[PDB]
């Protein structure tokens, strides 16, 4: 699934890759479930879709914390920006 061959990649690069694409897929799941939540005309499907939407938000948060713990620059930038107030582009 990696774009470069595995023998030229440091083991750590490959685990960050596995974590990053797991976040990507959770995010995409959040977006698509929410869109189906707005568009659904069956209220029982909608509760299911919204529950799993929020489970996918959780999966993303866990895996982002791993990246933060395992990457110095994710650590610095996430601290710079998450849980702040005032203009985001100026933090």
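Positions refer to the first chain, counted from 1.
Taking the PDB entry as given, 5-13 carries the higher mean Cα B factor of the two stretches 74-82 and 5-13. When all modelled residues of the chain are sorted by CA temperature factor, residue 28 is found within the lowest third. Annotation for residue 34: CA B-factor lies in the middle third of the chain's modelled residues. In the deposited entry, the Cα temperature factor of residue 42 places it in the middle third of its chain's modelled residues.
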